[PDB]
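Just the one chain here, laid out as structure tokens, in the form solved without the named molecule.
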């Protein structure tokens, strides 16, 4: 059971929710965590969804080495292997922080003709980047997928950037039921070396902080010229390829926990629940023990015929109430209870994890009714989170409105001139003002742009505003 309240000590609540649901075991090396099966199931669900979808686009999986040489890599985040035993290595080598400099010389070799394009590769793997750490959200080693494509034209690459971003929106919004906002990163927050970076952003109300949930980069021709990735044209001329890079990590899991967890623990959206329905037989004295177990197995068969993922917790060595607490901590969306009274009526009692509402459902009606309940729960998790997001964003016009909004734990949407030095000035000014990390930075320039009335000044510099921009305190 969880005892910390989510709206009181949020970080203690998070620690308790992920430990007591058996998702995480803490580790002696700061920022590394053991990922226990209950978490890994969710990761497998979202991985299967994303892997199928990118296969439909013609992306093929591959595996590149986890080590990278000093020359190919050339910064402060990179872990260096420098010794073997007590002897120093002749040349130190790095553990991959990301694989651009690992794959792209191979791309340079593999690409000769426009007939070789597009090249579309993806890798499921872990990476290492070395603030204070948080399980799932900021860890030193994390699991991810990284996709890397090369195209003959820029327009084709950008289309792929946007298709991938849409997939990431589905990953968060259709699987995890986490609303996100699509936008571009500012020039100082984008991938180093790339042309343009797009992103989905999520919000965490309890601390009012924005978090980058996934990114899709138009690399353009910048890496192509640094790695000499050229192809021959139909015309016969040599051209640089146009590249994209895109990645998504186990941060998504943390975002889901924070988004849907409550004072009793996890709430797992049915689309990623390894167990959607847990069937709990109520055995007390020997009150029709075998008939109960048999009817439970029947119900499991019947529900699996509608592709519902069902476990029967018929373990002897635990009490039913213990089983209720266990699967509630764990976040299983639906609990089905069956006792001698329930066998007598031809019904079963069903409790939704998200709200606690109980239903008596006859056996014949179980499958369609539970499908309806699961779709209701998924949709309701999403809509409540989306409402919290809508009320977490203040639209403002001048700098004076910023500190009040931030202190309500809100994001700000403000007209901005998009000058890069102004972002640094704003970060430092908001840090200083919050003293009396507290800094506000750009989360993204949203795709969905309100109208910009003629003569709207930048909310900070007074120069003409270019676009509406989403700022907040960040992860």
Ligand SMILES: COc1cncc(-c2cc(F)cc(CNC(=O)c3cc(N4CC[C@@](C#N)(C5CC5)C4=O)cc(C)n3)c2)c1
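Positions refer to the first chain, counted from 1. Just so we're on the same page, rigid core means the largest C-alpha set that superposes within 1.5 Å between forms.
Peer 1: Taking the other PDB entries of this protein that cover both neighbours, check whether residue 270 lacks coordinates in at least a third of them.
Peer 2: It is not, since residue 270 is included in all of the other entries that model both flanking stretches.
Peer 1: Determine if residue 431 is unmodelled in a third or more of the other PDB entries compared for this protein.
Peer 2: Other entries vs residue 431: none skip it.
Peer 1: If the chain runs straight from residue 130 to residue 131, say none; otherwise bin the unmodelled deposited residues as 1 to 3, 4 to 9, or 10 or more.
Peer 2: Per the deposited record, the segment joining residue 130 and residue 131 lacks coordinates for 1 to 3 residues.
Peer 1: Indicate whether the chain is continuous between residue 436 and residue 437 or, if not, how many deposited residues are absent from the coordinates: none, 1 to 3, 4 to 9, or 10 or more.
Peer 2: The entry has 10 or more unmodelled residues between residue 436 and residue 437.
Peer 1: Averaging CA B factors per stretch from the PDB record, which one is higher: 280-288 or 76-84?
Peer 2: Looking at the record's C-alpha B-factors, the answer is 280-288.
Peer 1: Output the stretch having the higher mean C-alpha B factor in the entry; the candidates are 46-54 and 410-418.
Peer 2: Comparing 46-54 with 410-418, the higher average CA B-factor belongs to 410-418.
Peer 1: By the entry's C-alpha temperature factors, tell me which of 305, 326, 148, 96 sits highest.
Peer 2: Highest C-alpha B-factor among the listed residues goes to 305.
Peer 1: Whose CA atom has the top B-factor in the entry, of 32, 39, 445, 68?
Peer 2: Across 32, 39, 445, 68, the entry lists the biggest C-alpha B-factor for 32.
Peer 1: Among the modelled residues of this chain, does the Cα B factor of residue 449 put it in the lowest, middle or highest third?
Peer 2: Within its chain, residue 449 is a middle-third residue by C-alpha B-factor, going by the deposited values.
Peer 1: Split the chain's modelled residues into thirds by Cα B-factor; is residue 379 in the lowest, middle or highest one?
Peer 2: Ranked within chain, residue 379 CA B lands in the middle tercile.
Peer 1: Please say which third, lowest, middle or highest, residue 245 falls into when its CA temperature factor is compared across its chain.
Peer 2: According to the entry, residue 245 has a C-alpha B-factor in the chain's lowest third.
Peer 1: Where does the C-alpha B-factor of residue 471 rank in its chain, lowest, middle or highest third?
Peer 2: As the PDB entry reports it, the C-alpha B-factor of residue 471 lands in the middle third of its chain.
Peer 1: Considering every modelled residue of the chain and its Cα B-factor in the PDB entry, is residue 272 in the lowest, middle or highest third?
Peer 2: Lowest third - that is where residue 272 ends up once the chain's C-alpha B-factors are sorted.
The next section is about a form of this same protein that is not shown, the form deposited with the named molecule bound.
Peer 1: My understanding is that the named molecule gets transferred in the entry with it bound by a local C-alpha superposition; in that placement, do 3 or more ligand atoms come within 2.4 Å of this form's backbone or C-beta, making it blocked, or is it open?
Peer 2: Blocked pocket: the modelled ligand, placed by site superposition, has 3 or more atoms clashing at the 2.4 Å cut-off.
Peer 1: If you check in the entry with it bound, do 129, 139 and 213 all have a non-hydrogen atom within 4.5 Å of the named molecule?
Peer 2: So, yes: the whole triplet contacts the named molecule.
Peer 1: Which of these residues, 359, 144, 324, 158, gets a heavy atom within 4.5 Å of the named molecule in the entry with it bound?
Peer 2: The residue in contact is 144.
Peer 1: Of the options 188, 294, 346, 133, which one has a non-hydrogen atom that comes within 4.5 Å of the named molecule in the entry with it bound?
Peer 2: Here the answer is residue option 133.
Peer 1: Residue 247: heavy atom within 4.5 Å of the named molecule in the entry with it bound?
Peer 2: Yes.
Peer 1: Indicate whether residue 251 is a 4.5 Å heavy atom neighbour of the named molecule in the entry with it bound.
Peer 2: Within the cut-off, so yes.
Peer 1: Pick from 367-375, 329-337, 213-221, 268-276: which stretch has non-hydrogen atoms within 4.5 Å of the named molecule in the entry with it bound?
Peer 2: Within 4.5 Å of the partner lies stretch 213-221.
Peer 1: What residues of 37-62, in sequence order, lie within 4.5 Å of the named molecule in the entry with it bound by heavy atom?
Peer 2: Sequence-ordered list is empty.
Peer 1: Quick one: with the rigid core lined up, which of 289, 397, 319, 362 moves its CA 2 Å or more between this form and the one not shown?
Peer 2: With the rigid core fitted, the residue that moves is 319.
Peer 1: Superposing on the rigid core, is the Cα displacement of residue 84 between this form and the one not shown 2 Å or more?
Peer 2: For residue 84, whose C-alpha is compared between this form and the one not shown after core superposition, the shift is 2 Å or more.
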